[PDB]
Amino acid sequence: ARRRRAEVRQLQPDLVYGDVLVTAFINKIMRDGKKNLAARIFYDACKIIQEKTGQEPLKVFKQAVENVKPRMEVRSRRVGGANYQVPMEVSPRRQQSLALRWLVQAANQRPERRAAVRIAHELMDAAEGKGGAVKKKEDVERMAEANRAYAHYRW
Amino acid sequence: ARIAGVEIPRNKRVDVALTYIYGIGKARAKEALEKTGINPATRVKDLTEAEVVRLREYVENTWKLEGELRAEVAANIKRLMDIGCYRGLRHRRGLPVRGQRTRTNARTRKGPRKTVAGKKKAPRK
Amino acid sequence: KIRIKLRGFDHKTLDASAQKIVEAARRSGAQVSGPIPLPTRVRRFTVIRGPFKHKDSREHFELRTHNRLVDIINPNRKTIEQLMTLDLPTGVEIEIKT
Amino acid sequence: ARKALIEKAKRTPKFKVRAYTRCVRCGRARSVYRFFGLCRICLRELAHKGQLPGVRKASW
Amino acid sequence: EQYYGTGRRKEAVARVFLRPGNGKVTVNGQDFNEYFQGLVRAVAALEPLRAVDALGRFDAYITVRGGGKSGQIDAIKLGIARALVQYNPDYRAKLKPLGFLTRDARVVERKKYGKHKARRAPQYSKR
Amino acid sequence: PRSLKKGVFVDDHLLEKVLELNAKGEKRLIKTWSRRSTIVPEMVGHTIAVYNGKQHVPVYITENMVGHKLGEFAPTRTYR
Amino acid sequence: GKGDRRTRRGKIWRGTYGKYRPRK
RNA sequence: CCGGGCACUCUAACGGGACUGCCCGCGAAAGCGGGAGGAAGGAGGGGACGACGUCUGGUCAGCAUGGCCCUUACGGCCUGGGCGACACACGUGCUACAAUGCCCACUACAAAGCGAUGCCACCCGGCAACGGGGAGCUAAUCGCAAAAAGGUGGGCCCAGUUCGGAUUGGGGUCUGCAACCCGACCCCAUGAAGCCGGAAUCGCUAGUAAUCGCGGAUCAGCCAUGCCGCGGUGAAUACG
Ligand SMILES: [K+]
Ligand SMILES: [K+]
Ligand SMILES: [Mg+2]
Ligand SMILES: [Mg+2]
Ligand SMILES: [Mg+2]
Ligand SMILES: [Mg+2]
Ligand SMILES: [Mg+2]
Ligand SMILES: [Mg+2]
Ligand SMILES: [Mg+2]
Ligand SMILES: [Mg+2]
Ligand SMILES: [Mg+2]
Ligand SMILES: [Mg+2]
Ligand SMILES: [Mg+2]
Ligand SMILES: [Mg+2]
Ligand SMILES: [Mg+2]
Ligand SMILES: [Mg+2]
Ligand SMILES: [Mg+2]
Ligand SMILES: [Mg+2]
Ligand SMILES: [Mg+2]
Ligand SMILES: [Mg+2]
Ligand SMILES: [Mg+2]
Ligand SMILES: [Mg+2]
Ligand SMILES: [Mg+2]
Ligand SMILES: [Mg+2]
Ligand SMILES: [Mg+2]
Ligand SMILES: [Mg+2]
Ligand SMILES: [Zn+2]
């Protein structure tokens with residue numbers, strides 16, 4: 001992107017919750033364009049969070065995401081023969097991106113054999129404040145901050 | 001249940017369990033459990049003596065397996081080997097015996113690589 | 001009630017040939033089935049542009065064969081006359097069955 | 001295209017197999033088309049001249 | 001009595017015949033759900049009706065050929081969208097803003113020579 | 001996994017030149033270029049010189065090799 | 001996988017037929 | 001399916017359509033941002049097309065060509081061999097290491113193409129490859145042709161395992177004068193490495209990437225998992 005600033009693709013609201021953030025999460029889950037297989041996985045998970053929990057799946061979702069968003073991160077830079085982890089605030093658009101990506105990433109690290117279960121648990125497990133997705137989010141924030149000395153390199 | 005020579009498959013569907021025999025494969029396994037009428041899906045642990053005996057009987061008295069197979073096969077390779085035969089040569093030298101390239105690949109029959117020295121001048125790629 | 005086939009390489013050589021027939025026998029036979037456009041069968045040739053190596057250039061050539069029908073019913077007497085031997089197009093070929 | 005080798009035209013193959021094509025224009029044996037009896041080179045050439053009826057430059 | 005449209009998507013056309021009724025939908029002689037057997041996408045197809053509170057005042061007989069299921073899903077979406085305005089031009093006013101009346105032009109891009117498939121370019125080493 | 005079908009091929013060049021050499025007993029050497037030919041029963045005991053592409057190689061054909069081809073015994077390439 | 005000639009995909013990939021993929 | 005009808009879908013020729021024309025805002029203009037109507041909006045998407053010139057780039061082995069050189073041989077013919085060697089090294093790819101998966105059923109939904117001594121329906125024989133018989137098509141009309149991914153049901157239960165299909169032993173089928181060197185294919189047995197890959201490095205900005213299958217040229221057959229096209233499902237991201 002050297003000329004313009006690329007406008008963000010606007011997604012199609014969820015087939016069930018009419019939410020755009022859901023389509024995203026689904027997309028991230030999807031691999032090899034198997035959007036059907038993807039969608040189902042998320043949904044089955046929604047029904048799994050619906051059981052083991054009394055709270056609505058949609059709301060559990062929102063929360064987890066919110067909990068896994070990083071508000072700070074270190075972006076490496078060159079300064080007179082040396083690379084520095086420069087803490088940088090994190091763009092809202094990028095937060096949602098990193099959050100959704102991480103959940104799925106962490107989710108597939110889990111031990112439970114069934115996909116939907118892994119998403120299910122990771123998701124609810126996230127809204128609880130725990131889970132590997134949230135640990136990544138924290139390690140990142142710990143990374144930033146911990147280099148506040150190189151913060152004057154605003155970037 | 002020990003069927004073929006000291007062969008003990010168990011705790012799995014008899015069809016696959018039967019697979020653990022040298023000379024038996026999905027094909028033959030699916031056969032014996034037919035010509036012997038035995039739900040192939042049953043676990044070896046849940047088999048019945050009547051069945052476990054029929055299996056043994058059929059399979060053992062109907063095919064050349066385990067020690068025998070290994071022996072015959074061995075005999076065969078030694079055969080084309082003893083006689084002049086080209087395949088014999090390839091078995092000797094230990095190289096592929098079915099018209100494959102030995103310039104690259106052919107690792108399965110050559111084993112690990114025995115790297116040496118060469119020429120790193122100009123794009124040798 | 002005659003069934004005629006019109007194939008070719010030029011799509012204007014056939015239009016100036018199917019109508020070369022219809023209009024003529026359009027005043028001596030049935031009102032005809034009009035000219036019907038049969039789908040085309042394309043023949044592609046893909047060649048490496050240069051004589052030696054350079055297998056990444058290639059140029060594409062196609063030999064498309066167009067088709068027609070017409071089909072006039074009522075094999076009238078005054079029809080096989082306005083037609084018969086008054087041909088014009090040279091890049092065309094014609095088949096006839098009825 | 002050694003003249004001696006363009007003897008391919010020689011029906012007498014002894015065994016139908018041994019019979020192979022060759023460019024009818026350059027003798028080129030290596031990439032001859034059937035519908036033209038021409039190799040990819042000669043073919044490209046004549047097509048440019050317009051001497052290959054119906055054959056056009058395909059684009060899509 | 002009847003209302004037609006067409007709708008085409010990624011090279012898949014569909015006949016959309018609307019008629020006043022319940023909500024019954026015959027697609028190639030099958031129930032909508034009979035044809036779109038468990039394809040989360042399906043719902044979308046009928047979205048144009050829900051848009052104008054219809055569905056509960058209409059019925060539809062659909063014929064479809066060409067392409068693939070999800071492409072057909074969209075063809076139907078456009079057919080049904082056109083037929084609805086065929087029954088009432090005033091439907092555009094609020095049916096259009098949701099796009100429904102636009103034909104998706106994006107189609108399989110051509111496979112170029114030298115590439116592995118349109119854009120994917122061959123991998124090169126020690127350059 | 002070998003296979004021809006029905007008609008165990010054999011260049012008659014030597015066949016009708018060996019099945020004949022059976023009548024007057026045996027013989028000593030038969031140099032051939034047809035390594036294509038399948039070895040068969042009535043060859044056992046003989047000695048066929050097969051051309052490997054540079055030379056004709058002596059091959060005492062024995063029972064144990066009655067089904068193989070003649071080339072199989074005249075190795076083409078020379079290695080290490 | 002596509003390399004297993006004794007499976008459906010095996011046959012399809014190799015564009016052949018047989019026990020593991022007969023012509024309907 | 002028949003009668004029947006060209007509405008529709010198509011098939012394929014010819015036209016209409018978009019012009020920053022309209023409205024608002026900014027300019028001095030050209031234009032820029034935005035809004036309407038529109039299938040489409042400001043080069044709508046893809047292609048063909050690549051200036052004067054550079055690399056004494058590539059090709060005397062497509063062909064043409066100046067000059068050299070051989071002219072019972074540096075010409076010509078065969079039969080056989082080699083181009084298919086291997087301690088070893090690299091490029092490009094294919095198939096994988098699995099549960100977002102593998103297997104077996106049942107059932108859907110394409111587009112381009114190719115086919116008269118060629119596609120080959122259907123039937124019988126064979127586990128099958130394929131044999132034998134045989135209808136149809138000069139092919140929008142008959143055949144290749146199954147679409148696969150999907151969807152539905154069932155099995156496997158985390159294991160080098162129902163993952164993976166290398167290698168090897170058998171027994172066969174085709175093409176062909178002939179498959180030892182050196183063919184593809186089928187069936188039984190065998191069931192390797194491989195648990196996601198160091199340093200380093202490639203592609204792609206959307207119907208693109210990633211995935212799934214289909215056709216064609218060459219061609220008897222084939223070593224195509226290569227090329228050249230076709231359509232299905234279909235992302236992520238671009239501060240800068
Ligand atoms: K030059
Ligand atoms: K191995
Ligand atoms: Mg076994
Ligand atoms: Mg070799
Ligand atoms: Mg090439
Ligand atoms: Mg010459
Ligand atoms: Mg040939
Ligand atoms: Mg040729
Ligand atoms: Mg594609
Ligand atoms: Mg290439
Ligand atoms: Mg397998
Ligand atoms: Mg030079
Ligand atoms: Mg150079
Ligand atoms: Mg010269
Ligand atoms: Mg070579
Ligand atoms: Mg060596
Ligand atoms: Mg490859
Ligand atoms: Mg049968
Ligand atoms: Mg061979
Ligand atoms: Mg291991
Ligand atoms: Mg494992
Ligand atoms: Mg670009
Ligand atoms: Mg193919
Ligand atoms: Mg071929
Ligand atoms: Mg090979
Ligand atoms: Mg192929
Ligand atoms: Zn030529």
# chains A, B, ... in the order shown; residues from 1 in each chain; ligands from 1
>>> closest_atom_pairs(of="chain G", to="chain B", cutoff="12 Å", atoms="only C-alpha atoms", output="JSON lines")
{"residue": "G:6", "atom": "CA", "partner": "B:27", "partner_atom": "CA", "distance": 10.2}
{"residue": "G:7", "atom": "CA", "partner": "B:26", "partner_atom": "CA", "distance": 11.5}
{"residue": "G:19", "atom": "CA", "partner": "B:27", "partner_atom": "CA", "distance": 10.9}
{"residue": "G:20", "atom": "CA", "partner": "B:27", "partner_atom": "CA", "distance": 10.9}
>>> write_last_selection(atoms="N, CA, C and O atoms", output="PDB file, in the first residue's frame")
ATOM      1  N   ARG G   6      -4.939 -48.052  -3.386  1.00  0.00           N
ATOM      2  CA  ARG G   6      -5.957 -48.975  -2.899  1.00  0.00           C
ATOM      3  C   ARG G   6      -7.082 -48.242  -2.196  1.00  0.00           C
ATOM      4  O   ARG G   6      -7.749 -48.816  -1.339  1.00  0.00           O
ATOM      5  N   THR G   7      -7.289 -46.977  -2.542  1.00  0.00           N
ATOM      6  CA  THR G   7      -8.355 -46.190  -1.927  1.00  0.00           C
ATOM      7  C   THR G   7      -9.139 -45.456  -3.012  1.00  0.00           C
ATOM      8  O   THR G   7      -8.760 -45.484  -4.183  1.00  0.00           O
ATOM      9  N   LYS G  19     -11.234 -52.430  -8.242  1.00  0.00           N
ATOM     10  CA  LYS G  19     -12.014 -52.827  -7.095  1.00  0.00           C
ATOM     11  C   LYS G  19     -12.335 -51.618  -6.234  1.00  0.00           C
ATOM     12  O   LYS G  19     -13.499 -51.334  -5.971  1.00  0.00           O
ATOM     13  N   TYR G  20     -11.306 -50.879  -5.835  1.00  0.00           N
ATOM     14  CA  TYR G  20     -11.503 -49.734  -4.954  1.00  0.00           C
ATOM     15  C   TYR G  20     -12.184 -48.517  -5.533  1.00  0.00           C
ATOM     16  O   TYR G  20     -12.315 -47.489  -4.868  1.00  0.00           O
TER      17      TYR G  20
END
>>> residues_near_ligand(ligand="ligand 15", cutoff="12 Å", atoms="only C-alpha atoms (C1' of nucleotides) and all ligand atoms", output="PDB file with C-alpha atoms (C1' of nucleotides), in the first residue's frame")
ATOM      1  CA  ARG B 101      16.248 -43.383 -11.209  1.00  0.00           C
ATOM      2  CA  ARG B 103      20.722 -40.214  -9.811  1.00  0.00           C
TER       3      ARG B 103
ATOM      4  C1'   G H  82      23.320 -45.256 -24.310  1.00  0.00           C
ATOM      5  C1'   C H  83      20.436 -40.574 -23.654  1.00  0.00           C
ATOM      6  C1'   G H  84      17.084 -44.060 -17.958  1.00  0.00           C
TER       7        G H  84
END
>>> residues_near_ligand(ligand="ligand 16", cutoff="8 Å", atoms="only C-alpha atoms (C1' of nucleotides) and all ligand atoms", output="VMD selection string")
(chain F and resid 80) or (chain H and resid 86 to 88)
>>> residues_near_ligand(ligand="ligand 2", cutoff="6 Å", atoms="only C-alpha atoms (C1' of nucleotides) and all ligand atoms", output="NGL selection string")
(:B and (108)) or (:H and (166 or 192-193))
>>> atom_distance(atom1="atom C1' of residue H:62", atom2="atom CA of residue D:3")
13.8 Å
>>> residues_near_ligand(ligand="ligand 4", cutoff="10 Å", atoms="only C-alpha atoms (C1' of nucleotides) and all ligand atoms", output="VMD selection string")
(chain B and resid 95 to 103) or (chain H and resid 84 to 86 181 to 182)
>>> write_last_selection(atoms="N, CA, C and O atoms (P, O5', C5', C4', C3', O3' and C1' of nucleotides)", output="PDB file, in the first residue's frame")
ATOM      1  N   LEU B  95      20.397 -51.672  -4.713  1.00  0.00           N
ATOM      2  CA  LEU B  95      19.769 -50.523  -5.358  1.00  0.00           C
ATOM      3  C   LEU B  95      18.349 -50.863  -5.770  1.00  0.00           C
ATOM      4  O   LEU B  95      17.957 -52.029  -5.740  1.00  0.00           O
ATOM      5  N   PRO B  96      17.553 -49.853  -6.157  1.00  0.00           N
ATOM      6  CA  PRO B  96      16.173 -50.132  -6.570  1.00  0.00           C
ATOM      7  C   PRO B  96      16.134 -51.194  -7.666  1.00  0.00           C
ATOM      8  O   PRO B  96      17.023 -51.254  -8.524  1.00  0.00           O
ATOM      9  N   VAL B  97      15.097 -52.026  -7.622  1.00  0.00           N
ATOM     10  CA  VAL B  97      14.937 -53.133  -8.558  1.00  0.00           C
ATOM     11  C   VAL B  97      13.689 -53.056  -9.453  1.00  0.00           C
ATOM     12  O   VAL B  97      13.153 -54.081  -9.860  1.00  0.00           O
ATOM     13  N   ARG B  98      13.223 -51.853  -9.772  1.00  0.00           N
ATOM     14  CA  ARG B  98      12.037 -51.729 -10.617  1.00  0.00           C
ATOM     15  C   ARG B  98      12.112 -50.546 -11.576  1.00  0.00           C
ATOM     16  O   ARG B  98      11.142 -49.782 -11.736  1.00  0.00           O
ATOM     17  N   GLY B  99      13.285 -50.420 -12.205  1.00  0.00           N
ATOM     18  CA  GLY B  99      13.556 -49.375 -13.177  1.00  0.00           C
ATOM     19  C   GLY B  99      13.406 -47.936 -12.732  1.00  0.00           C
ATOM     20  O   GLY B  99      12.866 -47.114 -13.472  1.00  0.00           O
ATOM     21  N   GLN B 100      13.889 -47.615 -11.538  1.00  0.00           N
ATOM     22  CA  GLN B 100      13.776 -46.256 -11.036  1.00  0.00           C
ATOM     23  C   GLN B 100      15.100 -45.532 -11.183  1.00  0.00           C
ATOM     24  O   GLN B 100      16.144 -46.158 -11.366  1.00  0.00           O
ATOM     25  N   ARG B 101      15.049 -44.207 -11.096  1.00  0.00           N
ATOM     26  CA  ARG B 101      16.248 -43.383 -11.209  1.00  0.00           C
ATOM     27  C   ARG B 101      17.132 -43.475  -9.955  1.00  0.00           C
ATOM     28  O   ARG B 101      16.642 -43.434  -8.820  1.00  0.00           O
ATOM     29  N   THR B 102      18.437 -43.597 -10.158  1.00  0.00           N
ATOM     30  CA  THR B 102      19.354 -43.668  -9.037  1.00  0.00           C
ATOM     31  C   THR B 102      20.287 -42.464  -9.025  1.00  0.00           C
ATOM     32  O   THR B 102      21.336 -42.485  -8.365  1.00  0.00           O
ATOM     33  N   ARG B 103      19.915 -41.424  -9.767  1.00  0.00           N
ATOM     34  CA  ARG B 103      20.722 -40.214  -9.811  1.00  0.00           C
ATOM     35  C   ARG B 103      20.358 -39.433  -8.575  1.00  0.00           C
ATOM     36  O   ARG B 103      21.235 -38.986  -7.839  1.00  0.00           O
TER      37      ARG B 103
ATOM     38  P     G H  84      19.238 -38.891 -19.369  1.00  0.00           P
ATOM     39  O5'   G H  84      18.561 -40.241 -18.862  1.00  0.00           O
ATOM     40  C5'   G H  84      19.342 -41.359 -18.369  1.00  0.00           C
ATOM     41  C4'   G H  84      18.467 -42.239 -17.498  1.00  0.00           C
ATOM     42  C3'   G H  84      19.073 -43.488 -16.857  1.00  0.00           C
ATOM     43  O3'   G H  84      18.526 -43.580 -15.541  1.00  0.00           O
ATOM     44  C1'   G H  84      17.084 -44.060 -17.958  1.00  0.00           C
ATOM     45  P     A H  85      19.462 -43.357 -14.258  1.00  0.00           P
ATOM     46  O5'   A H  85      20.809 -44.073 -14.674  1.00  0.00           O
ATOM     47  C5'   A H  85      21.824 -44.208 -13.723  1.00  0.00           C
ATOM     48  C4'   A H  85      22.590 -45.466 -13.959  1.00  0.00           C
ATOM     49  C3'   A H  85      23.665 -45.611 -12.912  1.00  0.00           C
ATOM     50  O3'   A H  85      23.806 -46.970 -12.564  1.00  0.00           O
ATOM     51  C1'   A H  85      24.607 -44.979 -15.036  1.00  0.00           C
ATOM     52  P     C H  86      23.218 -47.465 -11.154  1.00  0.00           P
ATOM     53  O5'   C H  86      23.296 -46.155 -10.263  1.00  0.00           O
ATOM     54  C5'   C H  86      23.331 -46.217  -8.836  1.00  0.00           C
ATOM     55  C4'   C H  86      24.556 -45.507  -8.347  1.00  0.00           C
ATOM     56  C3'   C H  86      24.335 -44.440  -7.288  1.00  0.00           C
ATOM     57  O3'   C H  86      24.307 -44.988  -5.961  1.00  0.00           O
ATOM     58  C1'   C H  86      25.622 -43.564  -9.064  1.00  0.00           C
ATOM     59  P     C H 181      14.000 -53.816 -16.872  1.00  0.00           P
ATOM     60  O5'   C H 181      15.338 -53.141 -17.396  1.00  0.00           O
ATOM     61  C5'   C H 181      16.567 -53.344 -16.681  1.00  0.00           C
ATOM     62  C4'   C H 181      17.734 -52.819 -17.473  1.00  0.00           C
ATOM     63  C3'   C H 181      17.619 -51.383 -17.969  1.00  0.00           C
ATOM     64  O3'   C H 181      17.981 -50.436 -16.971  1.00  0.00           O
ATOM     65  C1'   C H 181      18.346 -52.784 -19.731  1.00  0.00           C
ATOM     66  P     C H 182      17.138 -49.070 -16.822  1.00  0.00           P
ATOM     67  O5'   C H 182      15.614 -49.490 -16.963  1.00  0.00           O
ATOM     68  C5'   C H 182      14.589 -48.559 -16.600  1.00  0.00           C
ATOM     69  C4'   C H 182      13.478 -48.587 -17.613  1.00  0.00           C
ATOM     70  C3'   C H 182      12.783 -49.936 -17.791  1.00  0.00           C
ATOM     71  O3'   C H 182      11.414 -49.675 -18.078  1.00  0.00           O
ATOM     72  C1'   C H 182      13.648 -49.208 -19.852  1.00  0.00           C
TER      73        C H 182
END
>>> residues_around(residues="residue F:22", least_positions_apart="4", cutoff="12 Å", atoms="only C-alpha atoms (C1' of nucleotides)", output="ChimeraX atom specification")
/F:14-18,26-28,41-46
>>> residues_around(residues="residue D:28", least_positions_apart="5", cutoff="8 Å", atoms="only C-alpha atoms (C1' of nucleotides)", output="list in words")
residues 1, 22, 23 and 39 of chain D; 62 of chain H
>>> select_by_dssp(residues="chain D", states="alpha helix (DSSP H)", output="list in words")
residues 40, 41, 42, 43, 44, 45, 46, 47, 48 and 49 of chain D
>>> closest_atom_pairs(of="chain F", to="chain B", cutoff="10 Å", atoms="only C-alpha atoms", output="JSON lines")
{"residue": "F:1", "atom": "CA", "partner": "B:98", "partner_atom": "CA", "distance": 9.6}
{"residue": "F:59", "atom": "CA", "partner": "B:84", "partner_atom": "CA", "distance": 8.7}
{"residue": "F:60", "atom": "CA", "partner": "B:84", "partner_atom": "CA", "distance": 9.7}
{"residue": "F:61", "atom": "CA", "partner": "B:84", "partner_atom": "CA", "distance": 9.5}
{"residue": "F:62", "atom": "CA", "partner": "B:83", "partner_atom": "CA", "distance": 8.7}
{"residue": "F:64", "atom": "CA", "partner": "B:83", "partner_atom": "CA", "distance": 7.3}
{"residue": "F:65", "atom": "CA", "partner": "B:83", "partner_atom": "CA", "distance": 7.1}
{"residue": "F:68", "atom": "CA", "partner": "B:85", "partner_atom": "CA", "distance": 8.0}
{"residue": "F:69", "atom": "CA", "partner": "B:85", "partner_atom": "CA", "distance": 8.9}
{"residue": "F:70", "atom": "CA", "partner": "B:85", "partner_atom": "CA", "distance": 9.1}
{"residue": "F:71", "atom": "CA", "partner": "B:86", "partner_atom": "CA", "distance": 8.4}
{"residue": "F:72", "atom": "CA", "partner": "B:86", "partner_atom": "CA", "distance": 5.0}
{"residue": "F:73", "atom": "CA", "partner": "B:85", "partner_atom": "CA", "distance": 5.2}
{"residue": "F:74", "atom": "CA", "partner": "B:86", "partner_atom": "CA", "distance": 8.1}
{"residue": "F:75", "atom": "CA", "partner": "B:86", "partner_atom": "CA", "distance": 6.8}
{"residue": "F:76", "atom": "CA", "partner": "B:86", "partner_atom": "CA", "distance": 9.7}
>>> atom_distance(atom1="atom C1' of residue H:54", atom2="atom 1 (Mg, counted along the ligand's line) of ligand 14")
26.8 Å
>>> interface_residues(of="chain H", to="chain E", cutoff="10 Å", atoms="only C-alpha atoms (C1' of nucleotides)", output="ChimeraX atom specification")
/H:8-10,38-40,44-47,90-93,108-111,150-152,201-204,206-209,227-233
>>> residues_near_ligand(ligand="ligand 23", cutoff="12 Å", atoms="only C-alpha atoms (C1' of nucleotides) and all ligand atoms", output="PyMOL selection string")
(chain G and resi 12-15) or (chain H and resi 213-217+224-230)
